[PDB]
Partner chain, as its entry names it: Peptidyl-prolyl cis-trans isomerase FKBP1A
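First, one chain by itself: the form solved without the partner chain, in structure tokens.
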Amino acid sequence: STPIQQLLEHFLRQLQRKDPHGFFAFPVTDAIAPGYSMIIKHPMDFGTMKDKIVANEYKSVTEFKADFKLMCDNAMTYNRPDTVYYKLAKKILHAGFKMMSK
């Protein structure tokens, strides 16, 4: 409800439109991605980011952007480059960093 919450909710809504399949909508579990929890130490996803906005855990755009980058970096580390997840992570990271610099 704070100004920062309002702005981050705006960014998050526009970012989620760039992931229409919801590959980033909720945590990647091992049942979806074998061995994921043994490769990725600090998982992140849009659903957790929403939860953190609501809990007022972000105090700046820079902190929100860092979680967004973590989410996309995780996908590029776990997934090979020829996969849809690696490619989407690269594409939305660019979109989001452009959007949060405007």
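We call the rigid core the largest set of C-alpha positions that still match within 1.5 Å between the two forms. Numbering follows the first chain given and starts at 1.
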* Stretch with larger C-alpha RMS deviation in 9 other deposited structures of this protein, core superposed, 30-38 versus 63-71 -> 30-38
* Mean CA B-factor: is it higher for 21-29 or for 5-13? -> 5-13
* Going by the B-factors listed in the PDB entry, is the mean over the C-alpha atoms higher for 62-70 or for 30-38? -> 30-38
* Check where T77 lands among this chain's C-alpha B-factors and tell me if it's the lowest, middle or highest third. => middle
* Is the Cα B-factor recorded for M44 in the lowest, middle or highest third of its chain? -> middle
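What follows is about the form deposited with the partner chain bound, which we do not show.
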* Asked: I39 near the partner chain in the deposited bound form, any heavy atom under 4.5 Å?
  -> yes
* Asked: Would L70 show up as a contact with the partner chain in the deposited bound form if we use heavy atoms at 4.5 Å?
  -> no
* Asked: Going by the partner chain in the deposited bound form, which residues of 60-78 come within 4.5 Å of it through any heavy atom?
  -> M76, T77, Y78
